[PDB]
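To start, the structure under review is shown below, and the notes come after it.
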Amino acid sequence: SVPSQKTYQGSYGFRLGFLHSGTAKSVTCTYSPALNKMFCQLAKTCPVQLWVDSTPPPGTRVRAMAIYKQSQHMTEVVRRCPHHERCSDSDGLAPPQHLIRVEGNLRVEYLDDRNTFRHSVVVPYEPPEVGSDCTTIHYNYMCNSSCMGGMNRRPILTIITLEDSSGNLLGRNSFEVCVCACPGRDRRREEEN
Ligand SMILES: [Zn+2]
């Protein structure tokens, strides 16, 4: 019933990478390789890189979806808290309830699953930019992890899926995410164990 989170590289050798951003006070987004966990700020650019060994055809799509990490909460749909959804932060594309947005891509598509009610955001796959070995997507997380009513400090996974134009699954990967005021300090803190 719960969406699969099993890693699969598949035919194209698909995996994720992240900027090596460090943990200074001013970083807005920082990834910990030890924890496989992203720490980022509400509404700020969160670059996720897509790495492939061979190029997928045009038509290929890239989906992102959040699920709760813990088993007791896994079947609960991850959505925004009431204070955040019912606030004028819309971009005219994203449904107000969706945690994950994509910025700087007018081909963005949002889905409420007709059967699971789960939210996801999908953008066209595009090959790497000139002078770059990966494809970057800028995600936005629109709720703090601390938001009472929403996640309420409960840890979440973001699952990134590569799909062909006909919806066939090509590859999958995932990472944990914390949305917080001081990503840098918080990453340092959580690695201390
Ligand atoms: Zn919130």
Side-chain angles (χ1 to χ4, degrees), residues 1-3 5 16 18-19 21 23-24 26-32 35-49 62-85 87-105 108-123 136-161 173-192:
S1 180
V2 198
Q5 67 187 70
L16 301 175
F18 304 88
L19 255 17
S21 302
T23 54
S26 59
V27 294
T28 48
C29 180
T30 191
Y31 170 79
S32 170
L35 304 169
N36 187 35
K37 186 175 178 183
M38 169 61 69
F39 296 80
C40 61
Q41 289 195 346
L42 160 73
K44 304 288 211 298
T45 306
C46 301
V48 171
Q49 307 170 347
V62 189
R63 189 174 309 267
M65 178 190 290
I67 71 172
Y68 288 109
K69 183 182 173 190
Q70 307 173 274
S71 39
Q72 69 251 51
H73 299 301
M74 219 140 221
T75 79
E76 175 178 347
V77 178
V78 187
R79 53 180 89 252
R80 299 225 276 161
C81 75
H83 164 73
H84 277 140
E85 48 156 319
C87 90
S88 297
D89 58 5
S90 172
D91 49 355
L93 297 179
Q97 289 192 313
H98 279 220
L99 175 69
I100 309 189
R101 289 180 192 172
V102 173
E103 58 159 291
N105 198 318
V108 70
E109 164 182 322
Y110 294 87
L111 169 74
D112 286 352
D113 194 282
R114 63 178 192 98
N115 300 312
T116 67
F117 315 134
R118 287 197 197 263
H119 301 159
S120 58
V121 56
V122 45
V123 294
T136 309
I137 301 163
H138 294 176
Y139 292 107
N140 281 181
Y141 292 80
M142 303 302 305
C143 229
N144 283 316
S145 285
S146 73
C147 276
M148 63 180 49
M151 297 169 278
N152 190 47
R153 298 198 182 281
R154 294 175 295 178
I156 58 156
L157 263 304
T158 294
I159 306 171
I160 306 295
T161 294
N173 209 284
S174 59
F175 57 94
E176 188 170 345
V177 183
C178 183
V179 192
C180 53
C182 222
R185 173 178 47 74
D186 287 351
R187 176 183 161 196
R188 273 185 215 181
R189 206 168 280 195
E190 292 201 12
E191 292 186 358
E192 287 167 12

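Read the numbers this way: they start at 1 and go in the same order the structure lists the ligands and their atoms. Residues take their numbers from the sequence shown, with the count starting at 1. Computation of the quantities below employed the complete heavy-atom set of this structure, encompassing side-chain atoms and omitting hydrogens, waters and symmetry-equivalent molecules.
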(request) Could you tell me how the ring of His119 sits relative to the ring of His98: parallel (under 30°), tilted (30 to 60°) or perpendicular (over 60°)? (result) parallel

(request) Not counting sequence neighbours, which residues clear salt bridge (charged side-chain N to carboxylate O under 4.0 Å, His left out) with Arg154? List them please. (result) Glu76

(request) Could you tell me which residues satisfy side-chain contact (heavy atoms from CB on, under 4.5 Å) with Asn152, sequence neighbours excluded, listed by chain and number? (result) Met148

(message) Working note: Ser32 + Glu190, criterion side-chain hydrogen bond (donor to acceptor under 3.5 Å, both in side chains); need CA distance, chi angles, decisive distance, verdict.
(response) CA-CA 9 Å; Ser32 170; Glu190 292 201 12; over 6 Å; no

(request) Not counting sequence neighbours, which residues clear side chain to side chain donor-acceptor pair (under 3.5 Å) with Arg79? List them please. (result) none

(request) Return yes if some donor-acceptor pair links the side-chain N/O of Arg80 with the main-chain N/O of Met142 below 3.5 Å, else return no. (result) yes

(request) Less than 2.8 Å from the Zn ion (ligand 1) is the window; count the protein N, O or S atoms in it. (result) 4

